[PDB]
Amino acid sequence: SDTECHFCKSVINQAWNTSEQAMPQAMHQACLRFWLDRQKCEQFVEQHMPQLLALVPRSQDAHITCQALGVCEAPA
Amino acid sequence: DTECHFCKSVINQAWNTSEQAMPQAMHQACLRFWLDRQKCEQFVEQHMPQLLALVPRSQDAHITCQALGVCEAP
Ligand SMILES: [Zn+2]
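Residues numbered from 1 in each chain as written, not as in the entry; some residues may be left out. Chains lettered and ligands numbered in written order. Heavy atoms only, no water.

What the entry reports as its method is X-ray crystallography, with 1.75 Å given for the resolution.

Below is the structure:
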């Protein structure tokens, strides 16, 4: 049903949404402890966080996964 | 619990490329920014557990399928 599709889309990638919030801090923590340059680490994270964000599944990916699960029958 | 395993298999497969690409993206980003091939490998391989610990795992797929109604609590 459509209700079941909405619910699947709401929770399927929840683990990624949780983690995405902490990626900038974690990247900064890793960088600073290794490269020890706060200024350069701030630049690294700002310039390259977008690459990780692009790996986080989006709502369209949730739809397609939930279709694979058989719950989203709609195309979108 | 075949439906549970089906659900987890699907989620784990949907996540796999992002899971495997996360450390590679950091490695590629490091090479493009800090340049040093030697120190970039060390950085990624042993010095960013804070970031790699954030990558979802099978246990998270299980809990997701629990939320969906097809898996029991682990
Ligand atoms: Zn089983």
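Once you've had a look at it, read on.
(A) Region of the structure containing the UniProt feature "disulfide bond" in chain B. Residues and elements named next belong to chain B. Judged by the under 2.5 Å criterion, the sulfur atoms of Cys4 and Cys71, which UniProt pairs in a disulfide, are close enough at 2.1 Å to be bonded in these coordinates. Here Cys4, found in helix α1 (residues 2-33), pairs with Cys71, found in the segment after α4 (58-68); they are 67 residues apart in sequence, far enough to count as distant. On the accessibility criterion, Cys4 (3% relative accessible area) is buried. Of the disulfides listed in UniProt, the one linking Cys30 with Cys40 is reproduced by the coordinates, which place the two sulfurs 2.2 Å apart. Here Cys40 lies in helix α2 (residues 37-46) and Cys30 lies in helix α1, a separation of 10 residues in the sequence. You'll find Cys30 and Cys40 in the same group, each marked buried. (Disulfide = S-S within 2.5 Å. UniProt positions renumbered as here; feature names shortened; annotations may be inferred. Helix = DSSP H or I, 4+ residues; strand = E, 2+ residues; numbered from the N terminus. Buried < 20%, exposed > 50% of the residue type's maximum accessible area, 1.4 Å probe, protein only.)

(B) Main features of the interface of chain B and chain A. In this complex, chain B contributes 32 residues to the contact, which on the side of chain A involves 30 residues. Between chain B and chain A, roughly 2900 Å² of surface is buried when both sides are summed, and carbon and sulfur atoms account for 79% of that area. It is B:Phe33, B:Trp34 and B:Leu54 that lose the most area in chain B upon contact with chain A, and together they represent 24% of the buried surface on that side. Counting the contacts that link chain B with chain A gives zero salt bridges. The set of elements that each furnish at least two residues to the side of chain B that touches chain A consists of α1, α2, α3 (49-52) and α4 of chain B. In terms of residues, the side of chain B that touches chain A owes the most to one element, α1(B), which gives 17 residues. When grouped by side-chain class, the residues that make up the side of chain B that touches chain A number 22 nonpolar, six polar and four charged. (Contact = heavy atoms within 4.5 Å. Buried area = accessible area lost by both parts, 1.4 Å probe. Salt bridge = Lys/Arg side-chain N within 4 Å of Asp/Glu carboxyl O. Nonpolar A, V, L, I, M, F, W, Y, C, P; charged D, E, K, R; others polar.)

(C) A look at the coordination of the zinc ion. Within the first shell, the zinc ion binds the protein through B:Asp1 (OD), B:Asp1 (OD) and B:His5 (NE2), at distances of 2.0 to 2.5 Å. The exposure class of B:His5 is partly exposed, given its relative accessible area of 44%. (Donors = N, O, S within 2.8 Å, 3.2 Å for Na, K, Ca; no water.)

(D) The state of the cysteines, seen in detail. The full count for this structure, using the stated rule, is six disulfides over all chains. Between the sulfur of A:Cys8 and that of A:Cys66 lies a disulfide, 2.1 Å long from S to S. Torsion about the S-S bond of the A:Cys8 and A:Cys66 cystine: about -90°, corresponding to left-handed handedness. Placement of the pair is A:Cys8 in helix α1 (residues 2-11) and A:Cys66 in helix α4 (residues 59-68), with a sequence separation of 58 residues. For A:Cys66, a relative accessible area of 0% gives the class buried. Between B:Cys7 and B:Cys65 runs a disulfide, and the two sulfur atoms are separated by 2.1 Å. Every disulfide takes its handedness from the sign of the S-S torsion; for B:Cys7 and B:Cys65 that torsion is -90°, giving left-handed. One end of the pair, B:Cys7, is in helix α1; the other, B:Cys65, is in helix α4, and 58 residues separate them in sequence.

(E) The arrangement of the UniProt feature "disulfide bond" in chain A in detail. Residue and element names in this part refer to chain A. For the UniProt disulfide linking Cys5 and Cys72, the S-S separation comes out at 2.1 Å, below the 2.5 Å cut-off, so the bridge is there in this model. Placement of the pair is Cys5 in helix α1 and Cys72 in the segment after α4, with a sequence separation of 67 residues. Here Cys5 matches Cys72 in class, with each residue buried. Of the disulfides listed in UniProt, the one linking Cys31 with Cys41 is reproduced by the coordinates, which place the two sulfurs 2.1 Å apart. Of this pair, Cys31 sits in helix α2 (residues 14-35) while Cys41 sits in helix α3 (residues 38-55); the two residues are 10 residues apart in sequence, bridging distant segments of the chain. The pair formed by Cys31 and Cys41 is uniform in burial state, with each residue classed as buried.

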